[PDB]
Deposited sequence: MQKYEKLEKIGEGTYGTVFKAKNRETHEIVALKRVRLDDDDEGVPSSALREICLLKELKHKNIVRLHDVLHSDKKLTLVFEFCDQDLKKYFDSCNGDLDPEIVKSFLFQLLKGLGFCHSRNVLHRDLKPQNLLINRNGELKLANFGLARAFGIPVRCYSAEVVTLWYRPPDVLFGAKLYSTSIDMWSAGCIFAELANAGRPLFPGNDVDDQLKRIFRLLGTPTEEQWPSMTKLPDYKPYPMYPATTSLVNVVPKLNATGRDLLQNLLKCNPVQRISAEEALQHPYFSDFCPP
């Protein structure tokens, strides 16, 4: 890509590179256009469309798109690591102020997406990029989509299992910005402990059990339309009385409250990104 010099490799292949003209360091994602495995370009094109319309300091920034040889080259701002590597770099042990800082930035980026009518749908630690300056960006919009139009349903099959909410596990075909708030709560739990998935189920049934066992099983009054969902099945009634204290030790009562607001099983009860940003957990803080 004449303009860019590939420095190192770090739906496609990602490289750290240098702009030969400004010497700025960028990330280049290459998308092969003559692939053997049909598909890929389709998701890259959706990502380009969304990312052109989502310019925010906490959303990974697309600078440009180059079409040369049998490839699409997406130029992004460079970020050194993803949250997974970050957990590895620091023994999975974040200072509470960094916990708060990362949740804050995550909510700002997510807040921005949702107010623009975009659902991310793939929030997980590897889709979260962290700068050496401490700046977090939501990345990887390959699974994202615009919403608002009248539709009979969306893909029932979105979000890696460990970050998928109960309504989607029960097969809800329509969902809103709530799906990302659930996944944000899961990530908050990783940050606030030792950086391991809160709910690592091996399949759907196991996943729902892990959730209910910690949070309590939702009753009919908290979630009236639950038993009507396409893949609803009776679960045991686990009690709502289990303490969250040892699950998220970096958090005081104020953070535990926010976590339970994000991790509500009934999607309509989940706190929105914007409300979460007005929660007392962020009351003092700084980056506002």
query	finding
Missing residue ranges, deposited sequence indexing starting at 1	11 to 14
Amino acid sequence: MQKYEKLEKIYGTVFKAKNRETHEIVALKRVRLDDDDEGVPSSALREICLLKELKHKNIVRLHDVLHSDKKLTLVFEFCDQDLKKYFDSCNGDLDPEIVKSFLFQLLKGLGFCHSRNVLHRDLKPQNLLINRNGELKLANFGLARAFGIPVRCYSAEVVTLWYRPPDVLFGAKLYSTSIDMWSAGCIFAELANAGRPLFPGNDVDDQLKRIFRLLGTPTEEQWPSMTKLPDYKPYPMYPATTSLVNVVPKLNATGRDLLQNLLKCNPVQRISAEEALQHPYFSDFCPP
From here on, numbers count along this sequence of modelled residues.
| property | result |
| --- | --- |
| No coordinates for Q278 in a third or more of the other PDB entries | no |
| Other PDB entries, at least a third, lacking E24 | no |
| 144 to 152 or 184 to 192, whichever carries the higher mean Cα B-factor | 144 to 152 |
| 29 to 37 or 252 to 260, whichever carries the higher mean Cα B-factor | 29 to 37 |
| Most elevated Cα B-factor in the entry, residues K100, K85, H114, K173 | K173 |
| Maximum C-alpha temperature factor, selected from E47, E53, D64, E220 | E220 |
| Assigned third (lowest, middle, highest) for the C-alpha B factor of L128 | middle |
| Assigned third (lowest, middle, highest) for the C-alpha B factor of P224 | highest |
| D205 CA temperature factor, ranked by third within the chain | middle |
| Among modelled residues of the same chain, the CA temperature factor third for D122 | middle |
| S43 - Cα temperature factor, lowest/middle/highest third of chain | middle |
